[PDB]
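Next up is one chain by itself, shown in structure tokens, the form solved without the ligand.
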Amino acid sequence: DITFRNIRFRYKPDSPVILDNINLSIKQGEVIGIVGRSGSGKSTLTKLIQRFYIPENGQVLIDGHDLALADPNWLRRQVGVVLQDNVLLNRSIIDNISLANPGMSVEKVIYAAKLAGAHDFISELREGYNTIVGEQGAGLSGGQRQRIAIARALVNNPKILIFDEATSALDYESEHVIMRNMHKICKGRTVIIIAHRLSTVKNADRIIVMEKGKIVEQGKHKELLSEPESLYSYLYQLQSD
């Protein structure tokens, strides 16, 4: 259960307030989607759930524990973060996946790759998992590199997973391939999907619409879309006009 209590955030000491007084409570296992126009403030949630951003006021807490007092590694074992990662190291495919967990089991590498939906296209290259991804000869697709990353995050078994614009730089097809796995990737996890494309968050258990640092609307895709005058309905039309 992730919670934002009367959160207020600024980037620098005396700059504009980005998040006014956010209050949000994400239930365990809930797959929540967060959308909004430029300036909404959604681009600060990930770094706040991690503990990079420090709230000027209020508190962020996981499972009841205030993150300002939580242990760095504990917090790191709790949250898995997937950003738009289109850069790999010139190592094997498998070394790129276990980059953070050195001598981890090949069995777990495979298990993670499977969940991420990267196993098949991987065991399809010349040398498979041992294929040198040296950004020169072994050229993968953006959608594929993005999936290698989803693997890294899933290496550990994150009870909380955050996709922050993870697929915004991909075209419909590429993203689609990935959205097909989201069901199994979400199994037994609390998931936050922050995206630009409202369609990406279409089947979330609930969508949060942010605007100007504030939460203005929230509900299931269909509830929001049934209100023609809703901001969500406006944004939805825009990505299809």
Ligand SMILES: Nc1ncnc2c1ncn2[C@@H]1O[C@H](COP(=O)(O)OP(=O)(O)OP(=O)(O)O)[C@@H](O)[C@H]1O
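Residue numbers here begin at 1 and follow the sequence given.
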Average Cα temperature factor in the PDB entry - higher stretch of 100-108, 69-77: 100-108
Given 136-144 and 79-87, the range whose Cα B-factors average higher in the PDB entry: 136-144
Candidate residues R189, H196, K47, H183, the one whose C-alpha B factor the record puts highest: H183
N23 CA temperature factor, ranked by third within the chain: middle
Lowest, middle or highest third - CA B-factor, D164: lowest
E30 CA temperature factor, ranked by third within the chain: lowest
For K212, the third of its chain into which the C-alpha B factor falls: highest
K220 CA temperature factor, ranked by third within the chain: lowest
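Absent from the display: the form deposited with the ligand bound. The rest refers to it.
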Open or blocked, once the ligand is placed by superposing site C-alphas in the deposited bound form (3+ ligand atoms within 2.4 Å of backbone or C-beta means blocked): blocked
Contact of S43 with the ligand in the deposited bound form (heavy atom, 4.5 Å): yes
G39, heavy atom within 4.5 angstroms of the ligand in the deposited bound form: yes
The ligand contact in the deposited bound form: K47, any heavy atom under 4.5 Å: yes
Exercise: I18 in contact with the ligand in the deposited bound form, heavy atom 4.5 Å: yes
Options 180-188, 31-39, 55-63, 199-207; stretch whose heavy atom lies within 4.5 Å of the ligand in the deposited bound form: 31-39
